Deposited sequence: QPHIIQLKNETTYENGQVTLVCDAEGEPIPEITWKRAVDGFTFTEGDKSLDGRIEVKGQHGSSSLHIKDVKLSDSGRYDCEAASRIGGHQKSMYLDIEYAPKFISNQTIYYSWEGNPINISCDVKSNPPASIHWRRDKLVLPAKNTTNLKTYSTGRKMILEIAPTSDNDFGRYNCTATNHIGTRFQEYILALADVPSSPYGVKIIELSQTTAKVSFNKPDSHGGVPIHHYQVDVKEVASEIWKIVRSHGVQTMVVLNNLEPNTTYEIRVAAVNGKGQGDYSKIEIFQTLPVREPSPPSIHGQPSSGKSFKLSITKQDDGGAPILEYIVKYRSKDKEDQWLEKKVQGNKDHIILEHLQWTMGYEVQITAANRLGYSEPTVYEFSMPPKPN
């Protein structure tokens, strides 16, 4: 009746090799099978890659792996089976290795007076002891009052309060366990302000507004652009006014400009360190105040032999409409009404007749092009 007497936990190192051994008693002499817990593969007296092979020694088995991978770790099951019965137990293969660094970022940017934390992240088995250093000097040392290190469990942090072109440069994070010492080099670099935005264009223009469009700088200086600043100045003025973009949009709308006015502008990106270089100056001129746009009208019958035109407010042109001029025929007749007006009543018409009408709007600048409108009077009532 098979009974396993020895099946010990094993430890080995990555890329090394290991031997798992199951010892079992019993009459008749027990047969022995290995199963790998993870994928449930079974082994007895292969395999493909040829890394793993099993050899038996009458009442005892051994499973040998060469070139151990981290995926070899975990539980392995030994079953000793015969005609009369079976016994099964389990063991664990632990795999050790020199520390590995899994930090996704090794270059960091800051500037004088701006505190920054650099993080070192390490997987290792057994757990490593970890230190930050510069040329074999562990940090902070007593003579580096601007440095501090923290451990959070899964990270080792070096906090730098930069205050000298000496706080910038390379730092080593070094980790060691009994397999060995490994290290990862980090860089703290001096951030800069952004370079010039370019390809600046006025891509929309009106009387009192304009939208400026541009390309982002080829250099953000090492820390992300936060927003953009557009300076805008009347050529005839000495005072620049400031417009901050909405976030990182490469387009800014200028509001409240004066009509028919020549403006100069320039754009600069701002990052955490400060304001970047200005683009080349760009010039544009806002549209002029003009005459009103052509009026828009429609009508309905108004008793008795009259008709009422209603005004659907239209583009002012920058100066108040103070006068509508309705001329109608079907030779012509004129008629004027005031800007604040809502409608116009034409009177003394004939039944069943059709009329030709032209409407003009006027402001301090002049008259619009006339709007043509025609209508048919209804038949006579009884």
- Query: Quick one: where does the model skip the deposited sequence?
  - Reply: 46-47, 333-337
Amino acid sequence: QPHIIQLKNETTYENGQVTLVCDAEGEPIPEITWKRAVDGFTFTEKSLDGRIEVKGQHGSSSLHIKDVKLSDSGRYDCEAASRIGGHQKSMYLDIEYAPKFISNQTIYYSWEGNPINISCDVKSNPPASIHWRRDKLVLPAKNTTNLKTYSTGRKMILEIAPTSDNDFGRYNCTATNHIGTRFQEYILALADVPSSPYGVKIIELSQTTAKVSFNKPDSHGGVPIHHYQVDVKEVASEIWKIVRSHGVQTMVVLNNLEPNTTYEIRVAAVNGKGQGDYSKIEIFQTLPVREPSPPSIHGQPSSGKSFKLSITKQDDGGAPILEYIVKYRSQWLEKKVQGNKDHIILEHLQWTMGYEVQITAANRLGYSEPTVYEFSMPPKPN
From here on, numbers count along this sequence of modelled residues.
- Task: Mind pulling up the entry and telling me whether 26-34 or 64-72 has the higher mean Cα temperature factor?
- Result: 26-34
- Query: Which of the two stretches, 265-273 or 195-203, shows the higher mean Cα temperature factor in the record?
  - Reply: 195-203
- Message: Maximum C-alpha temperature factor per the entry, among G85, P288, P224, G169, belongs to which one?
- Response: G85
- Which one of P127, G180, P301, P292 shows the biggest C-alpha B-factor in the PDB entry? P301
- Query: In terms of the chain's CA B-factor thirds, is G113 lowest, middle or highest?
  - Reply: lowest
- Item | Chain-wide C-alpha B factor ranking for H220, given as lowest, middle or highest third | lowest
- Query: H131: which third of its chain by C-alpha temperature factor?
  - Reply: lowest
- Using the B-factors in the PDB entry, rank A175's C-alpha atom against the chain and give the third, lowest, middle or highest. lowest
- Entry-reported Cα temperature factor of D165, expressed as the chain third it lands in: highest
